[PDB]
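Report on the following structure.
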Number of protein chains: 2
Amino acid sequence: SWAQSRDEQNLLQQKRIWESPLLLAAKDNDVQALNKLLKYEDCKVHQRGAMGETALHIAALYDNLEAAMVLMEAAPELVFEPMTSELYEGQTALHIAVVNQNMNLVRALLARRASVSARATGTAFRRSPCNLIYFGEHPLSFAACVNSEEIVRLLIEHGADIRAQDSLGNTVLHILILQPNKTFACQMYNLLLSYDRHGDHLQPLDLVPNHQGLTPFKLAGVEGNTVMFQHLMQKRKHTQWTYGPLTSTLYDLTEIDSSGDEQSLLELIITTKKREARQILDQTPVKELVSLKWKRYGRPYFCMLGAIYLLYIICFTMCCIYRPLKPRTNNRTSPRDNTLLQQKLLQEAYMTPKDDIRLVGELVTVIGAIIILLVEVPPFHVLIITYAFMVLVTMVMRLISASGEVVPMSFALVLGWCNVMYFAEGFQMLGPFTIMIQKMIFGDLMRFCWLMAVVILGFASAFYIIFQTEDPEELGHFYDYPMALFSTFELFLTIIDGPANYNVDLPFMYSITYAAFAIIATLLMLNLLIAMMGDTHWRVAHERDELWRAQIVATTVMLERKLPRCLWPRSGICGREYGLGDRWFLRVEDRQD
Amino acid sequence: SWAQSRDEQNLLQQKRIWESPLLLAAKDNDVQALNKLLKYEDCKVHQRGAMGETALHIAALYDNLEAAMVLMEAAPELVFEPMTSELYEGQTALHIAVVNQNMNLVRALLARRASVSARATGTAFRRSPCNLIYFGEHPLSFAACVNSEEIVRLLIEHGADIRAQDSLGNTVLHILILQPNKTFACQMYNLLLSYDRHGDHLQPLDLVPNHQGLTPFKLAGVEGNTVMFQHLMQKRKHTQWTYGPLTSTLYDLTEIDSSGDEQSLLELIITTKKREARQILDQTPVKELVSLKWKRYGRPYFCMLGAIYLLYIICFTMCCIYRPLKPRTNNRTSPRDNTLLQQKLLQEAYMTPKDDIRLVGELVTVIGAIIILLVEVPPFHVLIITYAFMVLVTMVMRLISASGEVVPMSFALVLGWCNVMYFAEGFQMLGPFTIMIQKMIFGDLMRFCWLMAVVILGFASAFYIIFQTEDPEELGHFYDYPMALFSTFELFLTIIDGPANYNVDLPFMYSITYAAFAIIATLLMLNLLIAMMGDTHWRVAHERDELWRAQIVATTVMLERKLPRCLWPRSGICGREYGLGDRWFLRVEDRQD
């Protein structure tokens, strides 16, 4: 109940105005009532509200100009006076006059030498999903986001600095990208760059990092602000000749390359949670990059890496289906014909020099498993690891030479083979599988496997009741409750033949109960076809080539985290030879159409 | 044949006008013919039509002004004269002049001191699906629904009361909500509140109940009048400060809370039959309420209640799969190898102190069943009950210690387990199942299970004919007609393997007949996939979050019917401390966008 403490405090504000004569006459524009109340008697100007209001704030907050100008004579010092605590901290009355788009009071308050450097450090202004707005701190930034142009430039004409930062370190630029309305505040980004006249030696305000090291350009990438992203690109491209319908531009490629350890852009696109930042890749200087990082140097270094994994698993199965295997010379089948097994898995046999090949082939798998883990000492990284983690269990299980060694070899074989499906979409254009399964291995399957697990726990338990009476030498589906669940599971997916004997009479609860399992099984498994008809299929032809863009990048990003240079030159033409400088470019031709 | 008695009587009206000289000359505007017919001879003015017409009504009804003004001299008293019986009762001629939007006769009739308090109590004006209109009774209300403004205020200027009621007790306000055209009559609700000048001590006309206790506000909720519902909300919200793009309103929450035993709104939304009243929940002061009734105090009191049911059924299965069970020491298998069973279910054994745990565990189930029924001494309430009703059969079956005790234990196990699917959509967001099954367990399944039952009753009966000849020791699918239906039922849903022997020759009608069952089974079960492709799927992505709004309310409504206070405070901020009064509010911030 955190949010209730806000709302109880906000009605408490409305209680204080409603009962005090100074604040209530300030609420309405009763100038004549504010005459007799103020100049005649002694009223303290320090009347603090429920959240530390002043009389001057309430005249500003309920957009009351004529009351506030009368309050100027009585209050020479409440213009400087901040607001008190825990939601509004340091919010001076200059801010409130700005937020209501104008009052012509900013002209009046700055005539009263108002401070333009006060920081509203309250909780209600910090970035959070609890507040419905994020305007930053400094009163220049409040005039920025409301899209009031002349109110901005009036503040510059009284000494408002353009480079102050909030607690998160954001500039006045960074707040303009984070606005909920994009193009209506896009013109401010051009306007505030025109006041960059005092060129500082550090950076000319367009390269300022926050406390997590983000330029205003890269923040437009991460927060999915597409319309602003195209506009910030415009100052970096450098156009060469125009030739009829041809145009040979030259994009900059400095803050978007994987050059330094700033992780500059392409890593920061995929690592976010926000899904609409994958829309950024449709823009033209990025789309040309990731394709040319793929067709050249990207794809054949992957497919060569893919075949070695395929020869890895083949070399594992060969040293898997050949397993030591004496005939069972030890203890005979002591339970009555219900304990059949005949191999018992040899102890320390390595003779018969066919096993010399296996002992080589055993090491080829195990060494590659350590090679997997040494890459991962600091959706598919989970089962790259748990493949090789199970293989280390095997060599531990074999060198201690214990008994239950199949349960490593099982999980080291399924997780090994399904892992090669990750290399499928790398091999060819295939309309990406192995991720489209991961869109619905979480979204609908984990919701539907509730619905199968409930019914299948009933009827399996119900069949064990009605075949509790029977001789299990006929209809051995149900000799015990541990297999009665597994037996019914083959019928709900319709695999096993459904129990019937036709020579021995089955009990009369079965025929009714089994029908009420049959008709449900051809409903819920039939209704499952609709949940992946509308939800998963929804409009995926629109997002197929984007899902086949985001997956290609994440392959390229992971491959440059895990591969040294001198065999991977970064894409684009180097500078410094053509006299353009240190920044490396690339060029794109197009037709005007 | 009730409706035919109306229509035969209405042509009988047209017969009477067509044959009488007074009425037929009244029908057309033949003033010159009405001169010689009336002033010269003696004509009775009491000529009653087939439904008791007067001459003055027919001049009004066939929109004939000039005839009616000539009729004023001959008829000083027919203005007061009502219409006779069974469809039109007391419908004075003032009403008919109003219904045709005007005649300038209302000015003429009220010059003849016409009564404005006569009640048209006929069958044709009472609310019913038989009549195509519902205008109420009093002639003010007829001027209301036709959207004739000055005709309304002319009636107030001659003494028309604003608070008379019909037989259902509806006001002149309540009829305006029930209109088929909504926004075209919405302005009348503002206009008639302006004539509330005589402020009565009882209620100021906006709080008047009908005979079933409905305010005009709650009737706009129940009858799905969405556009009117937003407009009646406007006088109850109480706006606090505005702050740039922020707006902190404060909705009233008195007639929509579950406060009194008026069942005020949220119970009355879900209990109706009318489906378009679930559209009301999309409006903003209700949508904020039901979410905050859910996330706070609603969901974790449900999930805690959900796990105790899950531990209930687990504690039932444990005292179910352990059942008394002697070996069959009584009478041997007297039929020849067709009567196999070996347990016979012990009589009065409660020794072997493992059964002390079961005898505790038996009571834990049975006491909870009485707890279920004690809640229900005054779609899922049906099988909350019939679960526990079967469990009481078990303890009756065990204490009398009869034989057939499995058929209680079966139905007490399936109905117990599938019941927990009702707790599924309470547990997480899951795109509601267990109700989407109930949209098509009635709508299409009960229509399609006709089509399977007809074919499956043919071929099952047909196979028993062609295997009447055969030795049932091979192909024991069909040894008798009671199992021949059940055997074919496993093939039409394709579960059992389909009968074949390959060593004994099967009769030559089978191979043809069985194919004509196979190809139909892969058609009707295939065509069933289309009936739940278009009908059930239809546009459910639009109505998913509404079906996941109506189901959440019905959980919240049921939970407050069945849980005492001192652990459930009702939502919203209390009044009376902030000086707002007794009405409890809640506040909502939003952005203007």
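By order in the structure tokens, chains are A, B, ...; within a chain, residues start at 1; ligands start at 1, following the order shown.
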Practice task
Write out as a VMD selection string every residue belonging to chain A that has an atom at most 6 Å from any atom of chain B, counting only C-alpha atoms.
Solution key: chain A and resid 15 99 to 100 447 455 458 462 469 to 470 497 to 498 502 504 to 505
Exercise for the section: Write out as a PyMOL selection string all residues of stretch 424-484 of chain B that DSSP puts in helix (DSSP H, G or I) for this structure's backbone. Expected result: chain B and resi 424-427+436-439+445-466+476-478+481-484
Problem - Interatomic distance, atom CA of residue B:270 to atom CA of residue B:373 (Å, one decimal) - result: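 Computed distance, atom CA of residue B:270 to atom CA of residue B:373, equals 23.5 Å.
Between atom CA of residue B:299 and atom CA of residue B:387 the separation is 24.5 Å.
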Near stretch 375-378 of chain B, counting only C-alpha atoms, which residues have an atom at most 12 Å away, once you skip same-chain residues fewer than 3 positions from it, shown as an mmCIF file with N, CA and C atoms, in the first residue's frame?
data_model
loop_
_atom_site.group_PDB
_atom_site.id
_atom_site.type_symbol
_atom_site.label_atom_id
_atom_site.label_comp_id
_atom_site.auth_asym_id
_atom_site.auth_seq_id
_atom_site.Cartn_x
_atom_site.Cartn_y
_atom_site.Cartn_z
ATOM 1 N N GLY B 368 -15.299 -30.395 5.090
ATOM 2 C CA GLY B 368 -15.225 -29.342 4.091
ATOM 3 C C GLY B 368 -16.384 -29.369 3.113
ATOM 4 N N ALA B 369 -16.998 -30.535 2.933
ATOM 5 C CA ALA B 369 -18.169 -30.623 2.070
ATOM 6 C C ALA B 369 -19.381 -29.956 2.713
ATOM 7 N N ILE B 370 -19.561 -30.159 4.022
ATOM 8 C CA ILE B 370 -20.595 -29.444 4.768
ATOM 9 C C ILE B 370 -20.318 -27.946 4.765
ATOM 10 N N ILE B 371 -19.039 -27.562 4.822
ATOM 11 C CA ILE B 371 -18.657 -26.155 4.735
ATOM 12 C C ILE B 371 -19.032 -25.578 3.374
ATOM 13 N N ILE B 372 -18.958 -26.399 2.326
ATOM 14 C CA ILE B 372 -19.417 -25.968 1.009
ATOM 15 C C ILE B 372 -20.929 -25.775 0.995
ATOM 16 N N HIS B 381 -20.924 -22.600 -9.667
ATOM 17 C CA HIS B 381 -21.665 -22.879 -8.442
ATOM 18 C C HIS B 381 -22.415 -24.197 -8.546
ATOM 19 N N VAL B 382 -22.750 -24.609 -9.769
ATOM 20 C CA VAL B 382 -23.394 -25.892 -9.985
ATOM 21 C C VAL B 382 -22.466 -27.047 -9.616
ATOM 22 N N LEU B 383 -21.166 -26.935 -9.883
ATOM 23 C CA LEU B 383 -20.286 -28.054 -9.592
ATOM 24 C C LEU B 383 -19.360 -27.813 -8.409
ATOM 25 N N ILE B 384 -19.453 -26.664 -7.749
ATOM 26 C CA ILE B 384 -19.026 -26.625 -6.357
ATOM 27 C C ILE B 384 -19.963 -27.479 -5.517
ATOM 28 N N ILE B 385 -21.266 -27.383 -5.789
ATOM 29 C CA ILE B 385 -22.265 -28.111 -5.013
ATOM 30 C C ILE B 385 -22.209 -29.601 -5.316
ATOM 31 N N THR B 386 -22.241 -29.966 -6.601
ATOM 32 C CA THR B 386 -22.367 -31.378 -6.952
ATOM 33 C C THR B 386 -21.076 -32.147 -6.733
ATOM 34 N N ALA B 388 -19.481 -31.633 -3.654
ATOM 35 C CA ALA B 388 -19.689 -31.954 -2.247
ATOM 36 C C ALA B 388 -20.936 -32.791 -2.035
ATOM 37 N N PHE B 389 -21.898 -32.701 -2.950
ATOM 38 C CA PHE B 389 -23.090 -33.528 -2.844
ATOM 39 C C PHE B 389 -22.757 -34.993 -3.067
ATOM 40 N N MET B 558 -18.753 -12.211 -6.142
ATOM 41 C CA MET B 558 -19.006 -13.422 -5.371
ATOM 42 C C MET B 558 -18.238 -13.440 -4.060
ATOM 43 N N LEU B 559 -17.027 -12.901 -4.052
ATOM 44 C CA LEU B 559 -16.218 -12.903 -2.849
ATOM 45 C C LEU B 559 -16.728 -11.929 -1.797
ATOM 46 N N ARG B 561 -20.061 -11.264 -1.476
ATOM 47 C CA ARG B 561 -21.251 -11.943 -0.997
ATOM 48 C C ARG B 561 -20.920 -12.978 0.074
ATOM 49 N N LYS B 562 -19.680 -13.461 0.126
ATOM 50 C CA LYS B 562 -19.341 -14.640 0.911
ATOM 51 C C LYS B 562 -18.168 -14.381 1.843
ATOM 52 N N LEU B 563 -17.988 -13.141 2.288
ATOM 53 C CA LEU B 563 -16.902 -12.881 3.228
ATOM 54 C C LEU B 563 -17.230 -11.704 4.138
#
Exercise for the section: Compare A:177, A:94, A:286, A:120 by their minimum atom-to-atom distance to residue A:107, counting only C-alpha atoms, and give me the closest one. Expected result: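 Smallest separation from residue A:107 among the options: A:94.
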